[PDB]
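These notes concern the structure reproduced below.
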Amino acid sequence: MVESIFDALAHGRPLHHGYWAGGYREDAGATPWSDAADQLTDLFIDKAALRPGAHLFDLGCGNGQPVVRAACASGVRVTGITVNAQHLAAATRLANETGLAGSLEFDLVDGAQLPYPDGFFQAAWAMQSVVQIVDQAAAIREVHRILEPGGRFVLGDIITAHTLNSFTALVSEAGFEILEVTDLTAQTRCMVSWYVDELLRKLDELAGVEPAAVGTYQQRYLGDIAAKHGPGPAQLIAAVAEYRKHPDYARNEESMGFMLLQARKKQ
Ligand SMILES: Nc1ncnc2c1ncn2[C@@H]1O[C@H](CSCC[C@H](N)C(=O)O)[C@@H](O)[C@H]1O
C-alpha cells in the first residue's frame, strides 16, 4: 500500500480546508487545522440537512471522516461515493469501526452518472470534490436529479480552475436555486499551508531569540510530525517550508481561495 502523500499526512482526519470562523490570521493559530476542518464539516451540516433520519448524498466522500461526523451529530443516513479505491476503503472501514455500518454506505462510483433514483436524497454535499471531477456539468445535473424537491445542496471548493462567478453559473445552469454564495478565503486554510505556517511561526519567534537555534528547532518540529504521521509528511512539509523561504513565491499565496455555495432544488 502506497498513499498519496497528502492522504498520508491527513492521516485519517479530513481532506478539506480548515475553517476558522472570523479569520485565520485573526485566530493566530489558537485553533488548529485538525479542528478547523471539523468546523468546516459542521458548517456543511448546519447549512444542508439539519434533519435526523434524513438521507444525505455525499459527492466527494474521501476519507469518510466528515460523513461520519455528520451521521453522528445530526443522526443522518449517508451514501457517499468516490473513484479513489483507497478512499472507499478508509471510509467503509471507518464506518464499520463506529457501529455506523448500517446507516451509511459507500460505493465507488463515477459521479457523472449516478445509479440512484430520482428525488431520493434530502440533501447533497460536495466538499472539495468538484474541482477534480472532469465532467462537472454532468456531475451536477445528476446531483440535481438526485435530490427531493426542496432538498438543499451544499458545495465548496477551491477558486482563483473556476471562480465564484463561474461556479454559480455551473450550478444554476443545472437547474438549482442558488440562495447563498461566499468567499471564505479569509477564514480557511489548506492542511499543508497550516503545518508550514505553524513551523515558520514558531521558527520566527525562536529566531528573534536565538537564530543559531533555528535549524535545530526546524529539524525537531519536522521530527515530531514524522513521529505522528510518518516520514513522508515530514519530508513534504520540509520541502514546502524550503519554498516559502523564497519570495518569488510571495504573492502566489492568496491567488487561490475557497468558496461555499448553498443551493436548493425548487418545490
Ligand atoms: N468523478 C468523480 N466522482 C466521484 N468522486 C470523485 C470524482 N472525482 C474525484 N472524486 C473524489 O472526490 C474526493 C475529493 S477529496 C474530498 C474528500 C471529502 N469531501 C472530505 O472532506 O474528506 C476523492 O475521494 C475523489 O476520489
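Numbering starts fresh at 1 for the residues of each chain in the C-alpha cells, the chains themselves are lettered A, B, ... in the order given, and ligands are numbered from 1 as they appear.
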Non-local contacts of residue 15 of chain A (12 Å; only C-alpha atoms; under 6 positions in same chain excluded) as a PyMOL selection string: chain A and resi 4-9+33-34+36-38+40-41+60-67+87+127-129+157+189-192
- request: List the neighbours of residue 175 of chain A out to 9 Å using only C-alpha atoms; skip same-chain residues closer than 6 positions along the sequence, and give me the result as a PyMOL selection string.
  value: chain A and resi 141+144+265-266
Got a sec to tell me which of segment 64-263 of chain A DSSP assigns to alpha helix (DSSP H), as a PDB file with N, CA and C atoms, in the first residue's frame?
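Just written: part05.pdb:
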ATOM      1  N   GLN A  65     -14.190  10.548   7.045  1.00  0.00           N
ATOM      2  CA  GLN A  65     -14.349  11.169   8.356  1.00  0.00           C
ATOM      3  C   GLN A  65     -15.508  12.173   8.402  1.00  0.00           C
ATOM      4  N   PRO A  66     -15.522  13.228   7.570  1.00  0.00           N
ATOM      5  CA  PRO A  66     -16.592  14.238   7.737  1.00  0.00           C
ATOM      6  C   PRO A  66     -17.998  13.652   7.635  1.00  0.00           C
ATOM      7  N   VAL A  67     -18.242  12.735   6.686  1.00  0.00           N
ATOM      8  CA  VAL A  67     -19.511  11.993   6.619  1.00  0.00           C
ATOM      9  C   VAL A  67     -19.887  11.396   7.972  1.00  0.00           C
ATOM     10  N   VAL A  68     -18.939  10.731   8.609  1.00  0.00           N
ATOM     11  CA  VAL A  68     -19.242  10.079   9.870  1.00  0.00           C
ATOM     12  C   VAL A  68     -19.536  11.103  10.972  1.00  0.00           C
ATOM     13  N   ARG A  69     -18.797  12.217  11.013  1.00  0.00           N
ATOM     14  CA  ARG A  69     -19.140  13.255  11.987  1.00  0.00           C
ATOM     15  C   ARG A  69     -20.562  13.782  11.779  1.00  0.00           C
ATOM     16  N   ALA A  70     -21.022  13.847  10.527  1.00  0.00           N
ATOM     17  CA  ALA A  70     -22.384  14.318  10.281  1.00  0.00           C
ATOM     18  C   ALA A  70     -23.444  13.270  10.618  1.00  0.00           C
ATOM     19  N   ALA A  71     -23.156  11.989  10.389  1.00  0.00           N
ATOM     20  CA  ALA A  71     -24.135  10.961  10.718  1.00  0.00           C
ATOM     21  C   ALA A  71     -24.265  10.760  12.222  1.00  0.00           C
ATOM     22  N   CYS A  72     -23.205  11.054  12.992  1.00  0.00           N
ATOM     23  CA  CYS A  72     -23.312  11.078  14.451  1.00  0.00           C
ATOM     24  C   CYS A  72     -24.079  12.303  14.899  1.00  0.00           C
ATOM     25  N   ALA A  73     -23.485  13.469  14.653  1.00  0.00           N
ATOM     26  CA  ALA A  73     -24.037  14.704  15.182  1.00  0.00           C
ATOM     27  C   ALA A  73     -25.512  14.851  14.814  1.00  0.00           C
ATOM     28  N   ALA A  85      -9.971   4.276  -4.977  1.00  0.00           N
ATOM     29  CA  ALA A  85     -10.277   2.981  -4.393  1.00  0.00           C
ATOM     30  C   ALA A  85      -9.854   2.928  -2.936  1.00  0.00           C
ATOM     31  N   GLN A  86      -8.749   3.603  -2.593  1.00  0.00           N
ATOM     32  CA  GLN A  86      -8.235   3.590  -1.229  1.00  0.00           C
ATOM     33  C   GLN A  86      -9.058   4.481  -0.281  1.00  0.00           C
ATOM     34  N   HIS A  87      -9.704   5.533  -0.819  1.00  0.00           N
ATOM     35  CA  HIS A  87     -10.638   6.347  -0.033  1.00  0.00           C
ATOM     36  C   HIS A  87     -11.865   5.548   0.381  1.00  0.00           C
ATOM     37  N   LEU A  88     -12.502   4.891  -0.603  1.00  0.00           N
ATOM     38  CA  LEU A  88     -13.631   3.988  -0.369  1.00  0.00           C
ATOM     39  C   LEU A  88     -13.340   3.026   0.768  1.00  0.00           C
ATOM     40  N   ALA A  89     -12.126   2.484   0.790  1.00  0.00           N
ATOM     41  CA  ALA A  89     -11.769   1.530   1.826  1.00  0.00           C
ATOM     42  C   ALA A  89     -11.662   2.228   3.178  1.00  0.00           C
ATOM     43  N   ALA A  90     -10.883   3.316   3.262  1.00  0.00           N
ATOM     44  CA  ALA A  90     -10.767   4.008   4.543  1.00  0.00           C
ATOM     45  C   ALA A  90     -12.141   4.374   5.110  1.00  0.00           C
ATOM     46  N   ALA A  91     -13.030   4.885   4.253  1.00  0.00           N
ATOM     47  CA  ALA A  91     -14.370   5.283   4.679  1.00  0.00           C
ATOM     48  C   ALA A  91     -15.207   4.086   5.138  1.00  0.00           C
ATOM     49  N   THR A  92     -15.230   2.994   4.351  1.00  0.00           N
ATOM     50  CA  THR A  92     -16.028   1.820   4.732  1.00  0.00           C
ATOM     51  C   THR A  92     -15.525   1.241   6.048  1.00  0.00           C
ATOM     52  N   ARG A  93     -14.207   1.057   6.146  1.00  0.00           N
ATOM     53  CA  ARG A  93     -13.593   0.548   7.363  1.00  0.00           C
ATOM     54  C   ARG A  93     -13.986   1.414   8.549  1.00  0.00           C
ATOM     55  N   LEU A  94     -13.849   2.735   8.401  1.00  0.00           N
ATOM     56  CA  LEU A  94     -14.204   3.642   9.488  1.00  0.00           C
ATOM     57  C   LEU A  94     -15.676   3.489   9.867  1.00  0.00           C
ATOM     58  N   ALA A  95     -16.540   3.318   8.866  1.00  0.00           N
ATOM     59  CA  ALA A  95     -17.959   3.110   9.115  1.00  0.00           C
ATOM     60  C   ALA A  95     -18.193   1.852   9.946  1.00  0.00           C
ATOM     61  N   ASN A  96     -17.526   0.751   9.583  1.00  0.00           N
ATOM     62  CA  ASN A  96     -17.684  -0.464  10.369  1.00  0.00           C
ATOM     63  C   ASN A  96     -17.201  -0.233  11.787  1.00  0.00           C
ATOM     64  N   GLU A  97     -16.053   0.441  11.933  1.00  0.00           N
ATOM     65  CA  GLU A  97     -15.408   0.584  13.233  1.00  0.00           C
ATOM     66  C   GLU A  97     -16.204   1.433  14.212  1.00  0.00           C
ATOM     67  N   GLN A 136     -18.006  18.225 -14.839  1.00  0.00           N
ATOM     68  CA  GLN A 136     -18.612  18.835 -13.664  1.00  0.00           C
ATOM     69  C   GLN A 136     -20.065  19.118 -13.964  1.00  0.00           C
ATOM     70  N   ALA A 137     -20.309  19.628 -15.176  1.00  0.00           N
ATOM     71  CA  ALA A 137     -21.665  19.907 -15.616  1.00  0.00           C
ATOM     72  C   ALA A 137     -22.529  18.677 -15.447  1.00  0.00           C
ATOM     73  N   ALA A 138     -22.097  17.562 -16.041  1.00  0.00           N
ATOM     74  CA  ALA A 138     -22.848  16.321 -15.919  1.00  0.00           C
ATOM     75  C   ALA A 138     -22.992  15.917 -14.457  1.00  0.00           C
ATOM     76  N   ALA A 139     -21.885  15.971 -13.708  1.00  0.00           N
ATOM     77  CA  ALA A 139     -21.933  15.564 -12.315  1.00  0.00           C
ATOM     78  C   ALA A 139     -23.029  16.312 -11.567  1.00  0.00           C
ATOM     79  N   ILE A 140     -23.146  17.611 -11.826  1.00  0.00           N
ATOM     80  CA  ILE A 140     -24.050  18.451 -11.048  1.00  0.00           C
ATOM     81  C   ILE A 140     -25.491  18.363 -11.541  1.00  0.00           C
ATOM     82  N   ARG A 141     -25.711  18.293 -12.861  1.00  0.00           N
ATOM     83  CA  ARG A 141     -27.057  17.978 -13.341  1.00  0.00           C
ATOM     84  C   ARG A 141     -27.549  16.676 -12.722  1.00  0.00           C
ATOM     85  N   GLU A 142     -26.651  15.706 -12.591  1.00  0.00           N
ATOM     86  CA  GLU A 142     -27.005  14.450 -11.954  1.00  0.00           C
ATOM     87  C   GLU A 142     -27.446  14.678 -10.510  1.00  0.00           C
ATOM     88  N   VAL A 143     -26.663  15.462  -9.752  1.00  0.00           N
ATOM     89  CA  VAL A 143     -26.989  15.723  -8.346  1.00  0.00           C
ATOM     90  C   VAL A 143     -28.304  16.479  -8.209  1.00  0.00           C
ATOM     91  N   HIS A 144     -28.596  17.361  -9.159  1.00  0.00           N
ATOM     92  CA  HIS A 144     -29.910  17.976  -9.189  1.00  0.00           C
ATOM     93  C   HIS A 144     -30.984  16.923  -9.327  1.00  0.00           C
ATOM     94  N   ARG A 145     -30.789  16.004 -10.264  1.00  0.00           N
ATOM     95  CA  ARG A 145     -31.757  14.932 -10.433  1.00  0.00           C
ATOM     96  C   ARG A 145     -31.997  14.180  -9.127  1.00  0.00           C
ATOM     97  N   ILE A 146     -30.932  13.959  -8.359  1.00  0.00           N
ATOM     98  CA  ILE A 146     -30.958  13.020  -7.239  1.00  0.00           C
ATOM     99  C   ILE A 146     -31.775  13.516  -6.046  1.00  0.00           C
ATOM    100  N   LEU A 164     -15.753  32.286  -8.391  1.00  0.00           N
ATOM    101  CA  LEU A 164     -17.060  32.398  -7.756  1.00  0.00           C
ATOM    102  C   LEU A 164     -18.163  32.592  -8.797  1.00  0.00           C
ATOM    103  N   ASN A 165     -17.922  33.468  -9.783  1.00  0.00           N
ATOM    104  CA  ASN A 165     -18.899  33.631 -10.851  1.00  0.00           C
ATOM    105  C   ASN A 165     -19.095  32.322 -11.602  1.00  0.00           C
ATOM    106  N   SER A 166     -17.994  31.671 -11.997  1.00  0.00           N
ATOM    107  CA  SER A 166     -18.115  30.509 -12.871  1.00  0.00           C
ATOM    108  C   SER A 166     -18.786  29.337 -12.156  1.00  0.00           C
ATOM    109  N   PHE A 167     -18.489  29.122 -10.860  1.00  0.00           N
ATOM    110  CA  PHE A 167     -19.244  28.128 -10.085  1.00  0.00           C
ATOM    111  C   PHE A 167     -20.734  28.459 -10.041  1.00  0.00           C
ATOM    112  N   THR A 168     -21.088  29.705  -9.706  1.00  0.00           N
ATOM    113  CA  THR A 168     -22.520  29.990  -9.656  1.00  0.00           C
ATOM    114  C   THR A 168     -23.191  29.684 -10.998  1.00  0.00           C
ATOM    115  N   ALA A 169     -22.514  29.993 -12.110  1.00  0.00           N
ATOM    116  CA  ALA A 169     -23.047  29.613 -13.414  1.00  0.00           C
ATOM    117  C   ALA A 169     -23.196  28.097 -13.497  1.00  0.00           C
ATOM    118  N   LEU A 170     -22.157  27.368 -13.101  1.00  0.00           N
ATOM    119  CA  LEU A 170     -22.202  25.927 -13.266  1.00  0.00           C
ATOM    120  C   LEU A 170     -23.411  25.352 -12.547  1.00  0.00           C
ATOM    121  N   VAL A 171     -23.685  25.837 -11.342  1.00  0.00           N
ATOM    122  CA  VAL A 171     -24.738  25.212 -10.552  1.00  0.00           C
ATOM    123  C   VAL A 171     -26.135  25.722 -10.917  1.00  0.00           C
ATOM    124  N   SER A 172     -26.289  26.989 -11.283  1.00  0.00           N
ATOM    125  CA  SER A 172     -27.626  27.369 -11.729  1.00  0.00           C
ATOM    126  C   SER A 172     -27.931  26.734 -13.071  1.00  0.00           C
ATOM    127  N   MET A 191      -4.642  22.130   4.611  1.00  0.00           N
ATOM    128  CA  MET A 191      -3.898  21.367   5.616  1.00  0.00           C
ATOM    129  C   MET A 191      -2.403  21.680   5.590  1.00  0.00           C
ATOM    130  N   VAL A 192      -1.787  21.509   4.417  1.00  0.00           N
ATOM    131  CA  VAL A 192      -0.343  21.707   4.301  1.00  0.00           C
ATOM    132  C   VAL A 192       0.053  23.151   4.615  1.00  0.00           C
ATOM    133  N   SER A 193      -0.675  24.120   4.054  1.00  0.00           N
ATOM    134  CA  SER A 193      -0.341  25.507   4.350  1.00  0.00           C
ATOM    135  C   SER A 193      -0.320  25.739   5.855  1.00  0.00           C
ATOM    136  N   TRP A 194      -1.225  25.080   6.596  1.00  0.00           N
ATOM    137  CA  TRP A 194      -1.234  25.253   8.049  1.00  0.00           C
ATOM    138  C   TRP A 194       0.028  24.671   8.699  1.00  0.00           C
ATOM    139  N   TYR A 195       0.338  23.388   8.443  1.00  0.00           N
ATOM    140  CA  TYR A 195       1.558  22.841   9.048  1.00  0.00           C
ATOM    141  C   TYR A 195       2.761  23.756   8.789  1.00  0.00           C
ATOM    142  N   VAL A 196       2.928  24.197   7.538  1.00  0.00           N
ATOM    143  CA  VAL A 196       4.050  25.079   7.233  1.00  0.00           C
ATOM    144  C   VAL A 196       3.933  26.389   8.002  1.00  0.00           C
ATOM    145  N   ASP A 197       2.705  26.894   8.162  1.00  0.00           N
ATOM    146  CA  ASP A 197       2.526  28.161   8.866  1.00  0.00           C
ATOM    147  C   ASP A 197       2.947  28.047  10.318  1.00  0.00           C
ATOM    148  N   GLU A 198       2.488  27.000  11.014  1.00  0.00           N
ATOM    149  CA  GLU A 198       2.988  26.790  12.365  1.00  0.00           C
ATOM    150  C   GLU A 198       4.504  26.750  12.370  1.00  0.00           C
ATOM    151  N   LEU A 199       5.084  25.879  11.534  1.00  0.00           N
ATOM    152  CA  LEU A 199       6.533  25.738  11.551  1.00  0.00           C
ATOM    153  C   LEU A 199       7.207  27.111  11.482  1.00  0.00           C
ATOM    154  N   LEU A 200       6.875  27.896  10.468  1.00  0.00           N
ATOM    155  CA  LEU A 200       7.587  29.149  10.275  1.00  0.00           C
ATOM    156  C   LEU A 200       7.234  30.198  11.336  1.00  0.00           C
ATOM    157  N   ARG A 201       6.022  30.139  11.899  1.00  0.00           N
ATOM    158  CA  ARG A 201       5.606  30.974  13.031  1.00  0.00           C
ATOM    159  C   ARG A 201       6.591  30.745  14.156  1.00  0.00           C
ATOM    160  N   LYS A 202       6.575  29.523  14.694  1.00  0.00           N
ATOM    161  CA  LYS A 202       7.436  29.227  15.823  1.00  0.00           C
ATOM    162  C   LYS A 202       8.910  29.441  15.479  1.00  0.00           C
ATOM    163  N   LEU A 203       9.304  29.229  14.215  1.00  0.00           N
ATOM    164  CA  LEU A 203      10.693  29.494  13.851  1.00  0.00           C
ATOM    165  C   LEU A 203      11.007  30.977  13.866  1.00  0.00           C
ATOM    166  N   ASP A 204      10.049  31.846  13.527  1.00  0.00           N
ATOM    167  CA  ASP A 204      10.380  33.271  13.504  1.00  0.00           C
ATOM    168  C   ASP A 204      10.352  33.846  14.932  1.00  0.00           C
ATOM    169  N   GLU A 205       9.484  33.284  15.785  1.00  0.00           N
ATOM    170  CA  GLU A 205       9.518  33.530  17.230  1.00  0.00           C
ATOM    171  C   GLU A 205      10.874  33.131  17.832  1.00  0.00           C
ATOM    172  N   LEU A 206      11.281  31.878  17.619  1.00  0.00           N
ATOM    173  CA  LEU A 206      12.593  31.439  18.077  1.00  0.00           C
ATOM    174  C   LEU A 206      13.710  32.298  17.484  1.00  0.00           C
ATOM    175  N   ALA A 207      13.536  32.754  16.243  1.00  0.00           N
ATOM    176  CA  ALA A 207      14.594  33.479  15.535  1.00  0.00           C
ATOM    177  C   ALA A 207      14.878  34.825  16.176  1.00  0.00           C
ATOM    178  N   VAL A 214      17.637  28.004  15.151  1.00  0.00           N
ATOM    179  CA  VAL A 214      16.525  27.814  14.219  1.00  0.00           C
ATOM    180  C   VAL A 214      16.627  26.467  13.519  1.00  0.00           C
ATOM    181  N   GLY A 215      17.744  26.234  12.829  1.00  0.00           N
ATOM    182  CA  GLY A 215      17.911  24.962  12.149  1.00  0.00           C
ATOM    183  C   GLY A 215      17.577  23.790  13.043  1.00  0.00           C
ATOM    184  N   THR A 216      18.063  23.828  14.273  1.00  0.00           N
ATOM    185  CA  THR A 216      17.772  22.736  15.187  1.00  0.00           C
ATOM    186  C   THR A 216      16.277  22.598  15.428  1.00  0.00           C
ATOM    187  N   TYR A 217      15.619  23.693  15.824  1.00  0.00           N
ATOM    188  CA  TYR A 217      14.200  23.594  16.139  1.00  0.00           C
ATOM    189  C   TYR A 217      13.423  23.082  14.935  1.00  0.00           C
ATOM    190  N   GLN A 218      13.717  23.609  13.728  1.00  0.00           N
ATOM    191  CA  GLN A 218      13.089  23.116  12.496  1.00  0.00           C
ATOM    192  C   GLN A 218      13.232  21.614  12.386  1.00  0.00           C
ATOM    193  N   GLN A 219      14.466  21.145  12.514  1.00  0.00           N
ATOM    194  CA  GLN A 219      14.694  19.720  12.441  1.00  0.00           C
ATOM    195  C   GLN A 219      13.856  18.975  13.479  1.00  0.00           C
ATOM    196  N   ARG A 220      13.737  19.530  14.694  1.00  0.00           N
ATOM    197  CA  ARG A 220      12.909  18.885  15.713  1.00  0.00           C
ATOM    198  C   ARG A 220      11.427  18.871  15.323  1.00  0.00           C
ATOM    199  N   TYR A 221      10.882  20.014  14.896  1.00  0.00           N
ATOM    200  CA  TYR A 221       9.463  20.081  14.545  1.00  0.00           C
ATOM    201  C   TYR A 221       9.126  19.069  13.438  1.00  0.00           C
ATOM    202  N   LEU A 222       9.937  19.037  12.379  1.00  0.00           N
ATOM    203  CA  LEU A 222       9.757  18.002  11.368  1.00  0.00           C
ATOM    204  C   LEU A 222       9.829  16.610  12.012  1.00  0.00           C
ATOM    205  N   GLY A 223      10.781  16.411  12.936  1.00  0.00           N
ATOM    206  CA  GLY A 223      10.823  15.173  13.705  1.00  0.00           C
ATOM    207  C   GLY A 223       9.497  14.791  14.357  1.00  0.00           C
ATOM    208  N   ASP A 224       8.874  15.727  15.081  1.00  0.00           N
ATOM    209  CA  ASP A 224       7.601  15.424  15.736  1.00  0.00           C
ATOM    210  C   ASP A 224       6.542  15.036  14.709  1.00  0.00           C
ATOM    211  N   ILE A 225       6.454  15.778  13.584  1.00  0.00           N
ATOM    212  CA  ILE A 225       5.497  15.397  12.538  1.00  0.00           C
ATOM    213  C   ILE A 225       5.802  13.991  12.035  1.00  0.00           C
ATOM    214  N   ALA A 226       7.058  13.755  11.670  1.00  0.00           N
ATOM    215  CA  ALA A 226       7.458  12.424  11.249  1.00  0.00           C
ATOM    216  C   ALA A 226       7.004  11.377  12.262  1.00  0.00           C
ATOM    217  N   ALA A 227       7.112  11.692  13.560  1.00  0.00           N
ATOM    218  CA  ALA A 227       6.709  10.761  14.614  1.00  0.00           C
ATOM    219  C   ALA A 227       5.211  10.454  14.562  1.00  0.00           C
ATOM    220  N   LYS A 228       4.351  11.480  14.468  1.00  0.00           N
ATOM    221  CA  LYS A 228       2.913  11.185  14.491  1.00  0.00           C
ATOM    222  C   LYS A 228       2.458  10.544  13.178  1.00  0.00           C
ATOM    223  N   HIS A 229       2.777  11.190  12.039  1.00  0.00           N
ATOM    224  CA  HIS A 229       2.220  10.894  10.718  1.00  0.00           C
ATOM    225  C   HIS A 229       3.115  10.104   9.775  1.00  0.00           C
ATOM    226  N   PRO A 231       7.172   9.466   8.015  1.00  0.00           N
ATOM    227  CA  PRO A 231       8.193  10.357   7.425  1.00  0.00           C
ATOM    228  C   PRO A 231       7.758  11.108   6.168  1.00  0.00           C
ATOM    229  N   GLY A 232       6.940  10.508   5.298  1.00  0.00           N
ATOM    230  CA  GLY A 232       6.556  11.153   4.060  1.00  0.00           C
ATOM    231  C   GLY A 232       6.048  12.561   4.293  1.00  0.00           C
ATOM    232  N   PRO A 233       5.026  12.686   5.144  1.00  0.00           N
ATOM    233  CA  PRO A 233       4.521  14.022   5.524  1.00  0.00           C
ATOM    234  C   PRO A 233       5.592  14.978   6.054  1.00  0.00           C
ATOM    235  N   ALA A 234       6.480  14.487   6.922  1.00  0.00           N
ATOM    236  CA  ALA A 234       7.553  15.352   7.393  1.00  0.00           C
ATOM    237  C   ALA A 234       8.417  15.857   6.227  1.00  0.00           C
ATOM    238  N   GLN A 235       8.862  14.945   5.351  1.00  0.00           N
ATOM    239  CA  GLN A 235       9.691  15.327   4.210  1.00  0.00           C
ATOM    240  C   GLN A 235       8.966  16.319   3.306  1.00  0.00           C
ATOM    241  N   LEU A 236       7.674  16.097   3.108  1.00  0.00           N
ATOM    242  CA  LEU A 236       6.800  17.059   2.452  1.00  0.00           C
ATOM    243  C   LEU A 236       6.890  18.469   3.038  1.00  0.00           C
ATOM    244  N   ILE A 237       6.409  18.587   4.272  1.00  0.00           N
ATOM    245  CA  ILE A 237       6.384  19.894   4.904  1.00  0.00           C
ATOM    246  C   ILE A 237       7.756  20.543   4.843  1.00  0.00           C
ATOM    247  N   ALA A 238       8.806  19.755   5.052  1.00  0.00           N
ATOM    248  CA  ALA A 238      10.141  20.316   4.966  1.00  0.00           C
ATOM    249  C   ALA A 238      10.337  21.009   3.621  1.00  0.00           C
ATOM    250  N   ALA A 239       9.849  20.388   2.541  1.00  0.00           N
ATOM    251  CA  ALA A 239      10.075  20.970   1.217  1.00  0.00           C
ATOM    252  C   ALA A 239       9.258  22.240   1.005  1.00  0.00           C
ATOM    253  N   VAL A 240       7.988  22.230   1.418  1.00  0.00           N
ATOM    254  CA  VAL A 240       7.171  23.437   1.282  1.00  0.00           C
ATOM    255  C   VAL A 240       7.774  24.592   2.094  1.00  0.00           C
ATOM    256  N   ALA A 241       8.230  24.289   3.319  1.00  0.00           N
ATOM    257  CA  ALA A 241       8.996  25.233   4.126  1.00  0.00           C
ATOM    258  C   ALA A 241      10.140  25.845   3.324  1.00  0.00           C
ATOM    259  N   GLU A 242      10.969  24.995   2.667  1.00  0.00           N
ATOM    260  CA  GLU A 242      12.069  25.498   1.831  1.00  0.00           C
ATOM    261  C   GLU A 242      11.580  26.423   0.708  1.00  0.00           C
ATOM    262  N   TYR A 243      10.367  26.189   0.150  1.00  0.00           N
ATOM    263  CA  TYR A 243       9.879  27.028  -0.953  1.00  0.00           C
ATOM    264  C   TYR A 243       9.255  28.345  -0.517  1.00  0.00           C
ATOM    265  N   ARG A 244       8.755  28.441   0.700  1.00  0.00           N
ATOM    266  CA  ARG A 244       8.255  29.722   1.173  1.00  0.00           C
ATOM    267  C   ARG A 244       9.365  30.550   1.784  1.00  0.00           C
TER     268      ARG A 244
END
Per-residue DSSP, segment 26-228 of chain A, filtered to strand (DSSP E), as an NGL selection string: :A and (55-60 or 77-82 or 105-108 or 121-127 or 147-159 or 177-183 or 188-189)
